[PDB]
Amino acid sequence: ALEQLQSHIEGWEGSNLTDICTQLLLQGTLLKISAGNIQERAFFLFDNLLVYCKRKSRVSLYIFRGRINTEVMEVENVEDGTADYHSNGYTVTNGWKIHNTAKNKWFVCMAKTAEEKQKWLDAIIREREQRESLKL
């Protein structure tokens, strides 16, 4: 299934899913504020890896846009109503920030609903906790 999924993503960069991941933990679409732009992206959280893609319009389903090793990923909650440097003045709701150390930058994610934000934050915590746990 990892190899299937990757085959549906054009312009892949870097190591293959089957080589460094075992499990798609969560997928969903989110608004991303980065470098002053707002764009919708499909996000995929795997063990060890966060990937985001542009979904192809129907006018292969995805175009690869970014990946982050979760072991160097930092995450920060954003309180609703925040409008600041990283949101470039946009009023954030249902949001959080992700640190991409590989490019020395943060970007902001926003989910459609509060429940969806909570799903993402909990999944990121669980990925971290499993990764740090003693293995069986």
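Between two forms, the rigid core is defined as the largest C-alpha subset superposing within 1.5 Å. Residue numbers here begin at 1 and follow the sequence given.
Taking 97-105 and 69-77 in turn, the stretch whose Cα atoms are more displaced from the shown form in 4 other deposited structures of this protein following rigid core superposition is 97-105.
Greater C-alpha displacement in 4 other deposited structures of this protein (rigid core superposition, RMS over structures and residues), of 86-94 versus 43-51: 86-94. Compared with other deposited structures of the same protein, residue 56 does not meet the criterion of being unmodelled in at least one third, since all of those that resolve residues on both sides include it. In this entry, 112-120 has the higher mean Cα B-factor, the comparison being between 112-120 and 21-29. In this entry, 77-85 has the higher mean Cα B-factor, the comparison being between 44-52 and 77-85. The residue among 101, 93, 37, 70 whose C-alpha carries the highest B-factor in the deposited model is 101. The deposited CA B-factor of residue 106 belongs to the middle third of values across its chain.
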